[PDB]
Amino acid sequence: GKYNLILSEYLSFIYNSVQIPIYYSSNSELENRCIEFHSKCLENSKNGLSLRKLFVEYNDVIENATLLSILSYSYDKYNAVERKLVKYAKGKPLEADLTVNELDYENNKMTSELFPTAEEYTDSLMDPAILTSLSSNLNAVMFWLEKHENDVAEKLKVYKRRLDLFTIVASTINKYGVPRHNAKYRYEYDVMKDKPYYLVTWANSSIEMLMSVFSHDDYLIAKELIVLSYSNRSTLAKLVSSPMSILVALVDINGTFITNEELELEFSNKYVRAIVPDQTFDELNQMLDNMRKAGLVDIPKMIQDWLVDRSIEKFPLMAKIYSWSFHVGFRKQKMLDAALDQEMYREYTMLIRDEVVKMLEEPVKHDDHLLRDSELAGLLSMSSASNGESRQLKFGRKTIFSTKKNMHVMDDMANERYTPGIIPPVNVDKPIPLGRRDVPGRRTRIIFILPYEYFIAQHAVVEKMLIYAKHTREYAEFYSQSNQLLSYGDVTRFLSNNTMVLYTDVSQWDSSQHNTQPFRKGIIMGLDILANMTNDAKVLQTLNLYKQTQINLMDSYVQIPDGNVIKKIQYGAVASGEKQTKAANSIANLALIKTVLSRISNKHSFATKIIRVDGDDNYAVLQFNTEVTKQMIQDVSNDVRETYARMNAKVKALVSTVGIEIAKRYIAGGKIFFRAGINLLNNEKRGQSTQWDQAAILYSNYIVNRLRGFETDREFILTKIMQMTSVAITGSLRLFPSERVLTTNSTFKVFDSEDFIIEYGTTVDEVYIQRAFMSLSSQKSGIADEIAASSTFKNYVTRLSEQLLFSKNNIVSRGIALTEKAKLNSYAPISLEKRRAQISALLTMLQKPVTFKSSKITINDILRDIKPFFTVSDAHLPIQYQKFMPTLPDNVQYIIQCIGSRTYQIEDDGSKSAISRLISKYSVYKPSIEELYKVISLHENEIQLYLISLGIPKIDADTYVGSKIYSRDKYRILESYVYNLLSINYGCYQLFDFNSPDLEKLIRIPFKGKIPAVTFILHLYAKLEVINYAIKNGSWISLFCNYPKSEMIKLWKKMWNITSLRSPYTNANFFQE
RNA sequence: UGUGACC
């Protein structure tokens, strides 16, 4: 409940010259007492009278009623920031060292010096792209500095380390003033021309870093990064994190977890000697020197100290730096520079061609329907993103312009222009428009925004490839339902004194031009073989059109902006934007390592324990018939880089016997680590989400970092959420939502009152509000209705339906309509109509919570039903598992030491249900977990129709609707749907083994009948309650269940009428991965 | 309609 208190200290800090608490209650009498109180407060305020008396008079409302929101009548003029900052600006401002960055515009020159005129200006290279101001970040940091002014012992030392660093930011800002943002949180020319171009963005990164400082080591790290980053905006992060790829090969393995035959983590007390050739030490030194040459002092020393003994026990500091390096910010170059950098491949292409065959051989040979109706599949999968050009579009009786793909496909069909048979050119005549990918530390990469003919032509084939990968282990990122802990265990598995692991970053090869030929050619060569495997007109065309996208891209041309002009240049590299990007890249990176290993074999003899491709890295574990020596590693390493060299691939290739480091994960000393570098106060690009949506994403980002090892003070995050979630009524009237409003599991949830613990309403008031918010979940959009009524639209839906099903529709048809009415949301005009409505709705809600006919059941009610039938009792669980993920907080790690961990994702889509597999053998349709959920619960005769209506043959549609399987699917669907509503795959829970024998011990559930649905939810509700108590208390409890039999039937019914909830918190989790 | 692919 501490949020509602911290909220007032904040407003009482920001505004000084009133606050009007607004309460509400599910109880009539108490509510009028709330209504009355509100009034008297407004009135007294509108007379400068003390509210102290009303707070006593209505002591009842303050005690039993629920805080809904807080009114903020501040009559200043959004200033304060100006004044406030001076106190902290006593240090000497920083002076940009305009000689550190190559490209001139990467140096912190004065804005004007980069853009002499307002028409030449562009924030494109510094835009924080977030819906929160720099001004407020400042306010937030001082608010905290104040609150912890009079701290003691260690807490003070945290304040002192921060008071300093914040001076740097303050001193440097005051020298130019505080940049003022506009209605869209953008920094325009007038305000930026004076201050250094990168002032704002750098402020954001420094504040975000200093607020995540605790230990003296943090302070040392923040300090450096904050100072060097004011001048270096391009090599800092790569410099500060480059060493880590060598360090992993230094720490010895003294016990680690491995993967067993059941594909699960298991402890192995073994020892593996880290063998490092001297040459490696030189490389690591050159890296330490490079860091030094760039100003770096403190950080290099830390790695040097650690280098004396290299103890996995002191390694934590190395990982801390590795994660901090990213918080410097994103490297946003100019489209042109980003794009500018861009006989022995016989073996390499032969592999790409064969691998492409293995993945479609069966699908093709058996005239797979997916491949036949590939075009239709492409249409249902179509998104609402960009097609490239802004077309003029007429809908019904309205002429509007859009770039959306879903729009262009409709308008084009309604005019005979729809022609997926013809795959448009992407050469000099029709240059490829470009997109960009920005990341911290790495250089900017460009992206192709190809026309939809390309998606449709690739969709089906790519989905068949992803399936082959799903059950192929070399494809780490696609294999089974596996998470990263399984990949972690596969490496450590064969590590012994007679084997060495070989990791490799191939991100620079995929972008190379030397690659584009063997690539496309290898695929095409494969598509040919496949074509000579069938005679199916449908299959050969879908397979033919795919061959055409590869040929059109062999010689592509790109539209690179160069100021306010769009130069067209011939691009001879494989960029990315295709449907086959990830799959093809994986196929390629794998064919690569296979080629390298095969080559080096001629010299040395080894065994291939494992080969893996995962994103932009690939790796292998080799076994030798003798013991590995520092001289053997060197020899293998040289011949590997040398092999990569003869292919003209600029790639980083290292060799060790204990660790590996790749973009997604890194294994040091037998343990697993995940870079904690998600930026908080700066975003890659601007989307279309709301501030509320962004508040949730910030918190979501907070959580992931925190689990990964980088923690930002939770009071700072809470502060930010207060700013971002507020709503202005007028210019002096600002409304701030309460803890109950922002954390309750509703459609407006932003974060969990307690980290790592998701609560569900267990009080009438909580339920009250919960039902209210839903009442106004989805809002209308005029523009959306108009277009949802237009001919071109209805014909699209209709045309899609008539192609899919045979008999009647409705369940499916009502779906295709909506799925299409939603895609119109990417269209800003509609997006904006929606928000405006949400705000007014929410504006009147946090003013006097409306009514609601309820009648809708949510996972909340199900649980609130069960709760009362469980008896708690103190229990004890000893710690038995050793820590394998060192950065985890303590309360989360404890859980894992007691109950264990898992290496998989709990099926939450229902794809493993027989019915879903049936509909896949005959239909290109894909029902969601929520549709299968409603379907499976229909009367036997209705299911038989649905199936046959989608093309499922009677012998099969009938053999199912009765079989044991059907009855089963019923349970498995609901199981999948419920695991979905409980976020068993996100946050903290995704880590925990919910089938731990140790955990099962603490759950005593006597069967008083035998009805699966009820047995399931009771056990789950118990496992969650037990784990939550442990997450909050550090101790365990045992749960006993005495749930009646007469109740189990009432429940079972509720169970099948659950409604899913949509919210910022929910969408934040999906946005994660 | 300051917007910019695959996922």
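Each chain gets a letter, A, B and so on, in the order the sequences are listed, and its residues count up from 1. Just the heavy atoms: all of them, side chains too, but no hydrogens, waters or symmetry mates, feed the values below.
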Please tell me which of the listed nucleotides, [options], lies nearest to the side chain of [X]?
X        : options          : answer
A:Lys582 : B:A5, B:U3, B:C7 : B:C7
A:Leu832 : B:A5, B:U1, B:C6 : B:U1
A:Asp123 : B:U1, B:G2, B:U3 : B:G2
A:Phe455 : B:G2, B:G4, B:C7 : B:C7
A:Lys404 : B:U1, B:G4, B:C6 : B:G4

What is the separation between atom [atom1] on [X] and atom [atom2] on [N], rounded to the nearest whole Å?
X        : N    : atom1 : atom2 : answer
A:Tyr452 : B:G4 : OH    : P     : 17 Å
A:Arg436 : B:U3 : CZ    : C1'   : 13 Å
A:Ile432 : B:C6 : CD1   : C1'   : 14 Å
A:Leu824 : B:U1 : CG    : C1'   : 14 Å
A:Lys926 : B:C7 : NZ    : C1'   : 12 Å
A:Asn387 : B:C6 : CG    : P     : 10 Å
A:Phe478 : B:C6 : CZ    : P     : 16 Å
A:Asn406 : B:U1 : CG    : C1'   : 14 Å

For [X], which contact category applies under a 4.0 Å heavy-atom criterion: base, sugar-phosphate, or nothing?
X        : result
A:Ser402 : nothing
A:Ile830 : nothing
A:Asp438 : nothing
A:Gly388 : nothing
A:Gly435 : sugar-phosphate
A:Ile447 : base

Heavy atoms, side chains only, cut-off 4.5 Å: are A:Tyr619 and A:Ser487 in contact?
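A side-chain contact under 4.5 Å exists here.
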Given side chains that start at C-beta, do those of A:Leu553 and A:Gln550 come closer than 4.5 Å, heavy atoms only?
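Touching, per the 4.5 Å side-chain cut-off.
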Looking at A:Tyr454 versus A:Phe448, is the centre-to-centre ring distance below 6.0 Å?
no
According to a strict under-4.0 Å criterion, is [X] in side-chain N/O contact with OP1 or OP2 of [N]?
X        : N    : result
A:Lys579 : B:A5 : no
A:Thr403 : B:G4 : yes
A:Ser576 : B:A5 : no
A:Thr581 : B:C7 : no

Under-3.5 Å donor-acceptor pair between A:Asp127 side chain and B:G2 base
no
Can you establish whether the number of heavy atoms outside A:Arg473 located under 6.0 Å from its atom CZ is more than 12?
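Enclosed.
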Can A:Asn137 and A:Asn204 be counted as having a side-chain donor-acceptor contact under 3.5 angstrom?
yes
Among A:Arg686, A:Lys332, A:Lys685, salt bridge (charged side-chain N to carboxylate O under 4.0 Å, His left out) partner for A:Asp127
A:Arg686
Where each residue is assigned the nucleotide of RNA chain B containing its nearest heavy atom, which of A:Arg186 and A:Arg437 is assigned the position nearer the 5′ end?
A:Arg186
Given RNA chain B, 5'-ward residue of the pair A:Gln688 and A:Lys405, judged by closest heavy atom
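Whichever sits nearer the 5' end wins; that is A:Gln688.
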Under 5.5 Å between ring centres and under 30° between planes: true for A:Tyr827 and the base of B:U1?
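Per 5.5 Å and 30° rule: no stacking.
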Looking at A:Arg186 and A:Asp123, is there a salt bridge between them, counting it only when a charged N and a carboxylate O are closer than 4.0 Å?
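Yes.
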